[PDB]
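Given next, in C-alpha cells, is a single chain: the form deposited in one PDB entry.
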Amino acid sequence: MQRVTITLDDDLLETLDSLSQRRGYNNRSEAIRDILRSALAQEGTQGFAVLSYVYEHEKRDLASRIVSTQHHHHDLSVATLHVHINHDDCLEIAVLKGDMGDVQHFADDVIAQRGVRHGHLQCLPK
C-alpha cells in the first residue's frame, strides 16, 4: 500500500476527531480512508433529475423570478413540490426531465443566484 500526507485545519480536525472517537475508528487515517471509499464509490444524455433549493420568497420577488425561469424551460419541467417552511423561507423540489446537458444548465439558472441557498442537483440518467 501507499501513504499520502495532507495538511488539515484545526476545526476540521476537531470535527473529524469528534466523529472518530464516537464512530469507533482507531484514528484519522482509517476514518478518512472510509470517507474516501464512499465518496469515490458515489462516482447518459437523456434522463431525470431532482433539484432542491431554499429561498426567501419576498427577497427580490425571487419566487416570481424562479417560476418564470422555470417557465422559460417548462419543457424540461415535470413538476415542483413546494413547502412553506416558515414565514419567509420556501423549500422547493423540481423534478426535471430531458437532455442532461440542458437540465444542468437549467439548474444553474435557478440556484446559482443570490437568495437561493442549499441548492442541490441530483442527476438520474437513463
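Residues carry their position along the shown sequence, with the first being 1. Only residues modelled in both forms are compared. For clarity, a rigid core is taken as the largest C-alpha set superposing within 1.5 Å between two forms.
In terms of unmodelled positions of the deposited sequence, the stretch from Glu43 to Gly44 in this entry skips 4 to 9 residues. Higher mean CA temperature factor between 1-9 and 116-124: 1-9, per the PDB entry. The stretch with the higher mean CA B factor, choosing between 58-66 and 25-33, is 58-66. Looking at the C-alpha B-factors along this chain, the one for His71 belongs to the middle third. Ranked by Cα temperature factor within the chain, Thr80 sits in the lowest third according to the deposited record. In the deposited entry, the Cα temperature factor of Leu19 places it in the highest third of its chain's modelled residues.
The same protein also has a form deposited in another entry, omitted here; what follows describes it.
Here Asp108 does not count as shifted, since its C-alpha moves by less than 2 Å between the shown form and the other one after the core is aligned. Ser29: CA moves 2 Å or more between the shown form and the other one after rigid-core fitting. Core-superposed comparison between the shown form and the other one: the CA of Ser38 exceeds or equals a 2 Å shift. A shift of at least 3 angstroms brings the Cα atoms of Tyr53 and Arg37 nearer to each other in that other deposited form than in the displayed structure.
Relative to this form, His118 and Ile35 approach one another in that other deposited form, with their C-alpha atoms ending up at least 3 Å closer. After superposition on the rigid core, residues whose Cα atoms move by 2 Å or more in a run of at least three fall only at 1-43 between the shown form and the other one.
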